[PDB]
């Protein structure tokens, strides 16, 4: 079931960049194989630098489920979450994170060098414990290729 929802997140990334909402990033929040939220980056559409795909998905999932904790939910991100988005995932109490592409694939097309220490386990003060899965194989290749595929379709931010 991981492949299906990572796929959906990647397609959200493509859709968001095509409609000009924001960058090529998508996020799907799922509750026991029920899609609670399906979102992409909305920084340009919302004039909001915090409206990454993961944060937008968290906001919509929490509003839909009428609670601020998503402890029985899981989040699929097309890209390895940034420090802000990983902090948001922590605060949301999401129990599992699956992500598609390494941050380096997004950095390679000119995005900021902005990587979450707590995700990679390189912090002194911030330590994470939530289950984290980096996809491999098919979905990982597709998720990594998103950035080369969308390079000329949007302005960097």
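Only the largest set of C-alpha atoms that superpose within 1.5 Å between the two forms is called the rigid core. Positions refer to the first chain, counted from 1.
Two stretches, 145-153 and 132-140, are weighed by how far their CA atoms sit from the shown form in 8 other deposited structures of this protein after rigid core superposition; the farther one is 145-153. After a core fit, the C-alpha atoms in 8 other deposited structures of this protein lie farther on average from the shown form in one of 123-131 and 88-96, namely 123-131. According to the PDB record, 128-136 carries the higher mean C-alpha B-factor of the two stretches 39-47 and 128-136. Taking the PDB entry as given, 139-147 carries the higher mean Cα B factor of the two stretches 139-147 and 9-17. Across 56, 66, 92, 33, the greatest Cα temperature factor reported in the deposited entry is at 33. Residue 110: CA B factor in the highest third of modelled residues in this chain (values from the PDB entry).
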